[PDB]
C-alpha cells in the first residue's frame, strides 16, 4: 500500500512544504506596519476627494439660494417702488407688510447661505487635516520600506533553500508514492498527512472503526482515512 519507509519519506517532504507555507504569514507580519501606513494614506486620500464632492454639492446649494435671494431682493425693490407711487393710503400699511414678509424670506436665505458656507469651511479644514496626516504616513512608509523589503527578500531566499531541499528529497522518493502525496495535497494542502488522535482521523475527526485503527498501528503500511482520503499514521508504530 505504501510501507513505513515511504511514510517517513513523505513526512520529511510534508514538513518542508509546511515550512515554505508557514513563512507566508511571516512576510505579512514583517509588512504589517508598512502596509498599514500605505493603506491609511490611500484611505485618507479618498476621504479628501469625497469631502470635495460634498463641498461641490453644497456650493451648488449656495448658488441656488443666491438666485432666490436675488429674486427676493428684486421683489423688495419692486414693492418699495410701488410704495413711492402709491395710489391712496389704504396700501402704504398693506405694502409695508408685503415688504416685511419679503424681508423675512431674504433673512432666511442669508442665514441658509451662511450656514452652508460654514459647513463648506469645516470640510476644507478636515481636508487640510487629512493632508497633513497623509504626509506623516508617507514619512512613515519611507522610513519602514528599506528594512521591510530586505527582511522579506531574506525570507524568500529561505523558501528557495527549503524548496531546493524538497527537490533533493523528492528525487529520492518512489515516483508513485510522491504522486499519491501530491494528488491529496491538491485539495488537502498541509493537512495531507495526519496523526491519529483519540480513535479519529486527525484531519476529519470522524472515529475510525476497529479494523482500520488496528491496521494503522499493527501493519507496516501507509493507510488513508476512509472518510476523507488523507494519509494516516500512528506517532510511532
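Residue numbers count along the first chain shown, from 1.
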Hey, which bit's got the bigger mean C-alpha B factor in the entry, 211-219 or 11-19? 211-219
Quick check on the record: does 147-155 or 82-90 carry the larger mean Cα temperature factor? 82-90
Sort 95, 134, 162, 140 by C-alpha B-factor from the entry and give me just the highest. 95
Looking at 43, 62, 196, 170, which has the highest Cα B-factor in the entry? 196
B-factor third for the C-alpha atom of residue 55 within its chain: lowest
Is residue 67 in the lowest, middle or highest third of its chain when residues are ranked by C-alpha B-factor? highest
By the record's CA B-factor, is residue 206 among the lowest, middle or highest third of residues in the chain? highest
Third of chain Cα B-factors occupied by residue 185: middle
